[PDB]
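Enquirer: any chance you can model this:
(one chain, ligands or ions: 5)
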Amino acid sequence: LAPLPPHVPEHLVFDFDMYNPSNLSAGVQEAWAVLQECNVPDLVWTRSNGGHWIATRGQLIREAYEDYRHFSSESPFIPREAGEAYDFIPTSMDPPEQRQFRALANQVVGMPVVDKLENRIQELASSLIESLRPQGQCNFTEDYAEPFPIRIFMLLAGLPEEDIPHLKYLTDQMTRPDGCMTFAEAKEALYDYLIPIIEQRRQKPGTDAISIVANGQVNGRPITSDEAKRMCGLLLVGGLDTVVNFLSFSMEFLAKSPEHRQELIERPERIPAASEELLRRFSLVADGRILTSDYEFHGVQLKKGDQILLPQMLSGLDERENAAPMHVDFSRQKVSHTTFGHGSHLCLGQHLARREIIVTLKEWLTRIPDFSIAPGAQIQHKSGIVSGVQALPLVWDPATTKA
Ligand code: HEM
Ligand SMILES: *SCC1=CC(C)(C)N(O)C1(C)C
Ligand SMILES: *SCC1=CC(C)(C)N(O)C1(C)C
Ligand SMILES: CC1(C)[C@@H]2CC[C@@]1(C)C(=O)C2
Ligand SMILES: [K+]
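Expert: Numbers count the residues shown, from 1 in each chain. Ligands and ions are numbered 1, 2, ... in the order given. Below you will find the coordinate block:
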């Protein structure tokens, strides 16, 4: 715990540790939701992780993500060392500088790309699920949640499958550091990997996402190698450590809730709406911003260079946005959330994400309608910039499945 800065009033202190939250045994969303109990102010200072602000409510989270002039994305990760070294494109750039790079990224992950990739997504999902189906069990995290989205990404990026273990390791250090590498070291090693590949595909372009990004136009000129590198690196992080975690929270839920499963079994057309509700309830991202100036925000005095965590996860969990937030209701009339961010840096990968999520649920519920958590397994979660599931052993009766 870092010493309380003089400008922070004592009543605002709430020592939440985003990488190791107190109530994690209750579930990661539950752990973070302690920030929304009535004894916690809308904006608190934690002395954890070097010390930083945390907005706990949708209203503030959205406002802050909209006001980039006060809350710059130049340093979007806690701790400070990580935000300092963070230089991915487009995320580390404030408007309007980021727009040109978002456009370029949309050429590799935008809706049109996702629609043309849907056949491979379905293919891979079906193949993996059918391989699992007669077995009557799986380790969900390593048997599906990882290889499915990750292989689609590697296919899109035209990168070798044998590189997955190295890259997945590196991306996880940036989001959930185990202590072996600082964010800066993880980033530089990912850059080490990408540099020669980017040079080769600028010399001899293929048709893959890296070739497209590394040879695109920004700002009336060719993209530089350095920009290409910083953009491709963020695309790797997106591809390897988002949907990978989210599918496990969803499948854990569905394993544990036969009644919700039955809903989607009986009425498969609901799966898209259900997916969005799962996106709210099992939201998993938490980054933020850095103060560009002294600023009074909702009667709280913030100083230039204060960091503020703005957990995208919390907005949809806020009972001010959704009545009975912890309860899953597929029928929920307005599913309010900021699971995919807010403002100028809205997730670019969210169409790929949704398609992967919806393809997975529809195919799994068709082939393996009835499944459960393996006997006496206790599911443990993990927290960080992106939260996750440690392990998800699942079982089912192969005679109940359909080939
Ligand atoms: C469940 C899946 C996903 C979630 C929850 C998620 C979440 C988010 C969030 C919260 C942000 C805003 C970050 C900020 O403002 O600092 C963001 C931006 C971004 N996401 Fe995703 N994402 C997902 C899938 C993906 C995928 C699969 C990719 C890559 C294919 C991706 C690529 C990106 C990129 C490149 C940005 C930066 C956009 C910009 O800075 O203009 N996302 N995402
Ligand atoms: S109103 C929620 C709440 C906060 C705190 C004061 C910690 N509590 O004891 C309850 C659970 C009443
Ligand atoms: S903690 C073990 C370790 C440290 C570092 C030098 C970053 N590594 O490459 C490994 C993961 C072996
Ligand atoms: C916070 C994110 C999910 C978003 C895309 C990947 C990620 C870890 C970032 O650095 C920006
Ligand atoms: K930075």
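
Enquirer: how close does residue 325 get to residue 55?
Expert: Taking Cβ to Cβ, to the nearest Å as the measure, residue 325 falls 16 Å from residue 55. Where C-beta positions appear, they are placed from N, C-alpha and C, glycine not excepted.

Enquirer: the two: which is more packed in?
Expert: Remark: of residue 325 and residue 55, residue 55 carries more neighbours, 29 against 19, as counted by other Cβ atoms under 10 Å.

Enquirer: identify the bridge partners of that one.
Expert: On the basis of DSSP bridges, residue 55 is bridged to residue 43.

Enquirer: how about it, what does it touch?
Expert: By Cβ atoms under 8 Å, 6 or more residues apart in numbering, residue 55 lies in contact with 42, 43, 61, 64, 308, 309, 310, 311, 314.

Enquirer: and the helix or strand encompassing the fourth one, what's buried?
Expert: Going back to what we said before, that points to residue 64. According to DSSP states H and E, residue 64 maps onto helix 58-66. Within helix 58-66, the residues that count as buried by 16 or more other Cβ atoms under 10 Å are 58, 60, 61, 62, 63, 64, 65.

Enquirer: who's in contact with the residue of the stretch 151-300 of the chain found nearest ligand 5?
Expert: Residue of the stretch 151-300 of the chain nearest ligand 5, by Cβ to the ion: residue 290 (8.4 Å). Residue 290 sits next to 71, 72, 74, 75, 76, 83, 305, 306, 307, 308 when contact means Cβ under 8 Å, 6+ apart.

Enquirer: which parts of the stretch 301-403 of the chain are helices?
Expert: 312-315, 350-367 (DSSP state H, counting those that start in this stretch).

Enquirer: ok, the stretch 151-300 of the chain next?
Expert: 164-175, 183-203, 209-214, 225-240, 243-256, 258-266, 271-281.

Enquirer: try the stretch 1-150 of the chain
Expert: 28-33, 58-66, 80-85, 99-109, 111-132, 140, 147-156.

Enquirer: pick the most buried one from those helices.
Expert: helix 140 (a mean of 25; mean count of other Cβ atoms under 10 Å).

Enquirer: helices or strands next to that one in the packing?
Expert: In terms of contacts (3 or more Cβ pairs under 8 Å, 6 or more residues apart in numbering; DSSP states H and E), helix 140 is packed against helix 243-256.

Enquirer: so the helix it packs on, near ligand 1 or not?
Expert: Yes - using Cβ under 6 Å from any ligand atom, helix 243-256 reaches ligand 1 at 243, 246.
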